[PDB]
Structures are given as C-alpha cells and as structure tokens.
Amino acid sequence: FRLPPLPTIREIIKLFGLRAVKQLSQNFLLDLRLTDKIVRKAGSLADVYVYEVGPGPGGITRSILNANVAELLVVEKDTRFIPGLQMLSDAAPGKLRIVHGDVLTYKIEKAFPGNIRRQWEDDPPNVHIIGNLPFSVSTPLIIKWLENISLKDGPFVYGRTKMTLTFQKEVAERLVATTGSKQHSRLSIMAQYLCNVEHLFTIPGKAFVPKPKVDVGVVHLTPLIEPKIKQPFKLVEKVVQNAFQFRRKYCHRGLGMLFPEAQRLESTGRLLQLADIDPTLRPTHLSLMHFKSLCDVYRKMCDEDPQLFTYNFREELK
C-alpha cells in the first residue's frame, strides 16, 4: 500500500514550534512602528531609567533603546528569549540589563540609584515602567502595583513612577471608565482612587502574532499626590468588590454582604445613611467620593467591631 511520506525534521520542528508558541497564550508585537508608537505615547524617556516587563522578542525593547534612555532593565521569564535580548544588549554598550525572573515577584527597589528617588508630592521620578504582557499576567500585576502605590513601596519607593502597559481592550476600558458607564467596575475605582489613568490608544488584534481574539488597549498610569481614599488597600478592595458583585441590583444588596445576616438590615442601612448614599443606586453610579464615604464609615465600624473585617458571607451561607 502507498503510505504518506515521513515528515522531515523541518516539518517536525515546525509542528512542535508552532504548537509551543500557542501553548503559552501570548501576543507578540513584531511591528517596530507600533512599538515606536507605544514608546512615543508614553512620553519622553530621555534620561529616564526604564523597567520593561516581559520584553519577549524585544520589540518594545528596541524602541525604548532608541529613545535617549539613561538605562533599561528588563525582566524576562522565558529563557528562550534571553539569548536574543543578550544580542540586543551587545548592540547597545552599557544600556541594557537582563534578568531571568518573574515580574510578579521581582523587586526593583534597588535596581536603580537611590539618588533618582523623589518625594511623593514631587514631580514623578526618572523611572518609567513600560510593558506588553500576556493578559493573565498584566491584570494581577497592576492590582499588585496599585497596592504598592497605596503603601508607597515597591516600584514606588522612587516616588510616583509612571506606568505604560498594555491590557486587553475590555480591561483597559474598565480602568478608565467613568461613573454611569457599563464598564465602570472594581478596576475603575481601584485604579482611579490611586492614579490618574489615561487610555492612550487601542491596537487592533490583527497587529499581534499570533492573532488574539480581542483588541489591545494601551493605558498610561501616574500615581496621585493625594489619593482619593485614605484607607488600607485591602479595606477599599473589600468594599469595592462587594459593591459591584450584583450589577443589576441596588448597591444595598451588594454592600449588605459586608455584614453578618443577624445585623445586615440595620448595619447596611446605617452604612449608607452615614455615608449619605441613595440605597437604590446601581453600583455603576457609585463615584470615587461615594466610595470614600463608604470606606471611611466602614472603617469606623471595623474599629468598633473587630469581627467585622474578616467576615465572609459565603462561610456563613455554609
């Protein structure tokens, strides 16, 4: 019988390679004109110490290196892109530093000279964070970094360092969404109460390899001199999370989950009364100032009742 020919090594390597690329679910930006645009929209990187997260092939890395950068540190998790990055460092004498690490855990507190550090109320320091990461990494990273801004530590020991990151279109939308909008949610409050957030532009998915199912939003973030809420991050996070869980219901329904059932009617009413908020407002209409009132009242309630802050309504429902 006539059987199909054997696959060559080229075909075997191709079959493994193409499937290895799809395996980590990423979107490479090979358009140097686009990576130039991201860098351009981020502002002037002249004499700025730049931290790039997940450089990969090095598209943005190249665009950063061509921008009068004082120094560029990159942290790369995949060791397969490390050789090419080293090659790129060779073309730029003393401009590139490479680390094989995880951005979710790597500390940059001392990666740059302490002299470039600035006061919080000062102008933003000569540190800038830029990166195009996979969607699974970018989302928890900003949430980690928002908490760092709250604590004024981590990347923000240098001061109010800027961020220019890519997010999936919908996430980028929520980050900048104003009150009343359908995309106004947790990320909206969590980012805006700590940062000035600007949606620079949106890159269509066609420009990425391989092609993602969605478009990619480019967002610029700058920490505020005075945060809109002055409570612990985890407290703000819990109130915001509970407020937005039932989107089609009165905010009273969601905020009520902060309190044990035996006190829920009275405490939820008291919370909204003291915070001076209409109990019938849908969560989408809750502004940063509404949450400041909710958080401040909830804080006083927690200080009065130490059982309150670690209450979880799911555990009670079981």
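Numbering starts at 1 and runs along the sequence shown.
Once you work out the mean C-alpha B-factor for both 136-144 and 170-178 from the entry, which is higher?
-> Averaged over C-alpha atoms, the B-factors run higher in 170-178.
### Query
Per the entry, where is the mean C-alpha temperature factor higher: 122-130 or 161-169?
If you average the C-alpha B-factors of 122-130 and of 161-169, the larger mean comes out for 122-130.
**Request:** Going by the CA temperature factor in the entry, name the top one among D276, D31, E261, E52.
**Result:** Of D276, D31, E261, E52, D31 has the highest C-alpha B-factor.
Of the residues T35, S287, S267, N27, the one carrying the largest Cα B-factor as recorded:
Checking the PDB record, the top C-alpha B-factor among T35, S287, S267, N27 is at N27.
How does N242 rank on Cα B-factor within its chain, lowest, middle or highest third?
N242: CA B-factor falls in the lowest third of its chain.
- Using the B-factor values recorded in the entry, state whether the Cα atom of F313 falls in the lowest, middle or highest third among the modelled residues of its chain. CA B-factor rank for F313: middle third.
In terms of the CA temperature factor given in the entry, to which third of its chain does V197 belong: lowest, middle or highest?
-> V197: CA B-factor falls in the lowest third of its chain.
| query | Lowest, middle or highest third: where is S185 by C-alpha B factor in its chain? | reply | Within its chain, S185 is a middle-third residue by C-alpha B-factor, going by the deposited values.
Relative C-alpha B-factor of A207, binned into the chain's lowest, middle or highest third | For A207, whose C-alpha B-factor we compare with every modelled residue in the chain, the answer is the highest third.
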